[PDB]
S.K.: 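Following this message is one structure expressed as structure tokens.
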Amino acid sequence: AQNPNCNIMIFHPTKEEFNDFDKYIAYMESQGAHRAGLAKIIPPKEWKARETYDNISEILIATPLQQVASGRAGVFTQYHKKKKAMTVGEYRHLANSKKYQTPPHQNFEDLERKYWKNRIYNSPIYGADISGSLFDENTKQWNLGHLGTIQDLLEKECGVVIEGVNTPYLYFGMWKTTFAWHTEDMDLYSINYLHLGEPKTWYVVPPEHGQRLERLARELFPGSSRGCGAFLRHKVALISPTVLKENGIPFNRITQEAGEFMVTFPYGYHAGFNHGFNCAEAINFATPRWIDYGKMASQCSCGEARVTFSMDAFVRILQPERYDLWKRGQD
Ligand SMILES: O=C(O)CNC(=O)C(=O)O
Ligand code: NI
Ligand SMILES: [Zn+2]
């Protein structure tokens, strides 16, 4: 078996290899990349997402989210407080202000130490889940707004035609902005391109060990666990690498820099944080190997998850027994 230790693999496709997206994902998996839950892909030197980022300041962040923490440094939840709208130019200025800017630090490891020591004592503001794309329409390779759709994948594999669409989201981050432990909706893949700015550090649990993370989460957030059988779907729980190590949870970490893609694989739990002002674009996608994960994906029916209507059809077709109970939570 390839990659038996479930290490995060890093790929350097040539421009020729970068033409066929599906084929390259299949290649990565042939090398065992999916066993980690996360892979990095460094694009060919000849490739670019767009010509410049000089004209993005007028994008609106309609609902910036202030991420307020509760708990202890290594085990905490965060809730999202809605703030007034601001442009990306205004957001960048805020990110760079004395209150919110990245502190002095020696290297990525030093900054990581500071993040886990001090995160809970601040409330950074995140612009998340903004529908849109920063890929140039003329970028033909790995354009996250031009991928084959999950609906078409389901149709090709299973012969079922369903409603729904599948478009990218933009994320504007600043120092300490945080993404909680989660897998994707319906345990889909995700692909994430860091367009510009400061890095993003990722933590990931191998898919074959996801239930170990779930068991620890139930122990660490016992009230949340009693409230919902899939509360990590709420995307509010953080557990530090120190606490994961103390509890023997297998995981890896890696830092993504501007110009790099990350792919998360079905049922690969991940979490992380931004180093400073940045902008990422991400979208979910599927392959034939995903279908069995979609069938088995755990759902939040307590009603806190609140997802896109695109998910209605996935649950309806792949999880018809759960559909009635799941839709009540949505409605
Ligand atoms: O970048 C973020 O804040 C979160 N991204 C993801 O969880 C992803 O791409 O799957
Ligand atoms: Ni994700
Ligand atoms: Zn729930």
Side-chain angles (χ1 to χ4, degrees), residues 36-41 61 64-65 67 77-78 80 124-130 133-134 144 147 166-205 207 210 213-214 217-218 221 223-238 254-258 260-286 290 297-305 307-308 311 322 325-330:
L38 181 68
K40 177 181 289 195
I41 307 92
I61 306 172
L65 305 173
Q67 302 186 296
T77 59
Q78 60 186 6
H80 290 164
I125 298 169
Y126 211 177
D129 300 326
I130 299 165
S133 182
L134 285 174
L144 299 191
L147 301 183
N166 172 222
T167 56
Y169 298 88
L170 300 176
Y171 300 81
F172 294 93
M174 66 169 62
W175 167 233
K176 280 177 178 170
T177 56
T178 302
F179 51 110
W181 281 106
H182 70 283
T183 61
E184 301 304 305
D185 297 343
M186 213 64 183
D187 300 342
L188 282 157
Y189 297 70
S190 66
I191 179 164
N192 182 303
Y193 182 69
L194 191 52
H195 278 284
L196 62 100
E198 302 313 310
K200 187 186 302 278
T201 290
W202 299 69
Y203 304 92
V204 60
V205 174
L213 182 69
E214 293 174 355
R218 293 196 299 273
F221 307 94
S224 297
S225 187
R226 285 188 290 275
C228 180
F231 72 92
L232 290 178
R233 295 279 177 211
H234 306 170
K235 301 199 287 186
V236 297
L238 277 302
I254 194 167
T255 296
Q256 174 194 22
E257 300 187 71
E260 303 180 337
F261 290 91
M262 306 298 296
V263 165
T264 83
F265 294 87
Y267 195 59
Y269 275 103
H270 53 283
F273 65 89
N274 294 305
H275 291 206
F277 172 71
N278 63 18
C279 172
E281 178 171 343
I283 194 176
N284 294 119
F285 71 94
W290 164 72
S298 298
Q299 306 299 349
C300 161
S301 298
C302 83
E304 285 298 312
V307 297
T308 177
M311 244 193 71
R322 294 183 179 179
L325 176 60
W326 169 85
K327 193 163 51 67
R328 277 206 266 275
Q330 300 293 303

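The first residue in the sequence is number 1, and the count goes up from there. Read the numbers this way: they start at 1 and go in the same order the structure lists the ligands and their atoms.
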S.K.: Between the side chains of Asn284 and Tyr189, is a donor N or O closer than 3.5 angstrom to an acceptor N or O?
M.R.: no
S.K.: State if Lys200 counts as touching ligand 1 under the rule of any non-hydrogen atom under 4.0 Å.
M.R.: yes
S.K.: Report, in ascending order of atom number, the atoms of ligand 1 lying under 4.0 Å from any heavy atom of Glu184.
M.R.: 10 (O)
S.K.: Spell out, as yes or no, whether a donor-acceptor pair under 3.5 Å connects the side chain of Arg218 to the backbone of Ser224.
M.R.: no
S.K.: Quick one: report the N, O or S atom of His182 that is nearest to the Ni ion (ligand 2).
M.R.: NE2
S.K.: What part of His270, side chain, backbone, both or neither, has a heavy atom within less than 4.0 angstrom of ligand 1?
M.R.: side chain
S.K.: How wide is the angle at the Zn ion (ligand 3) between NE2 of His234 and SG of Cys228, to the nearest 10°?
M.R.: 110°
S.K.: Measure the shortest side-chain to side-chain distance between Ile254 and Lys40 over non-hydrogen atoms and say whether it is less than 4.5 angstrom.
M.R.: yes
S.K.: Among all the protein's non-hydrogen atoms, which is closest to atom 8 (C) of ligand 1, and how far away is it?
M.R.: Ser190 OG, 3.6 Å
S.K.: Please state whether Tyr169 comes within less than 4.0 angstrom of ligand 1, counting heavy atoms only.
M.R.: no
S.K.: side-chain contact (heavy atoms from CB on, under 4.5 Å) between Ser301 and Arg328: does it pass, once the steps are laid out?
M.R.: CA-CA 7 Å; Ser301 298; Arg328 277 206 266 275; over 6 Å; no
S.K.: Classify the contact between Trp202 and ligand 1 as side chain, backbone, both or neither, using a heavy-atom distance cut-off of under 4.0 Å.
M.R.: side chain
S.K.: For ligand 1, find out whether one of its N or O atoms is nearer than 3.5 Å to an N or O atom of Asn192.
M.R.: yes
S.K.: Say whether, by atom type as modelled, one donor and one acceptor occur between the side chain of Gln256 and the main chain of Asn192 under 3.5 angstrom.
M.R.: yes
S.K.: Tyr171 versus ligand 1: do any nitrogen or oxygen atoms come within less than 3.5 Å of each other?
M.R.: no
S.K.: May I have the angle between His270 NE2 and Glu184 OE2 with its vertex at the Ni ion (ligand 2), rounded to 10°?
M.R.: 90°
S.K.: If you measure only the distance, is there a donor-acceptor pair under 3.5 Å linking the side chains of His275 and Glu257?
M.R.: no
S.K.: Need the ligand 1 atom indices (1-based, order shown) with element for anything under 4.0 Å from a heavy-atom of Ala282.
M.R.: 9 (O)
S.K.: Looking at atom 2 (C) of ligand 1, what's its closest protein heavy atom, distance included?
M.R.: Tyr126 OH, 3.4 Å
S.K.: Apply ring-ring contact (aromatic ring centres under 6.0 Å, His included) to residues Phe285 and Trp290 and explain how you reach the verdict.
M.R.: CA-CA 9 Å; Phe285 71 94; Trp290 164 72; over 10 Å; no
S.K.: Please check if the side chain of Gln67 supplies one atom and the backbone of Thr178 the other of a donor-acceptor pair under 3.5 Å.
M.R.: yes
S.K.: Under 4.0 Å from a heavy atom of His182: which atoms of ligand 1 are those, numbered in the order shown and with their elements?
M.R.: 7 (O)
S.K.: Sub-3.5 Å donor-acceptor pair from the side chain of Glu281 to the main-chain atoms of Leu134, do we have one?
M.R.: yes
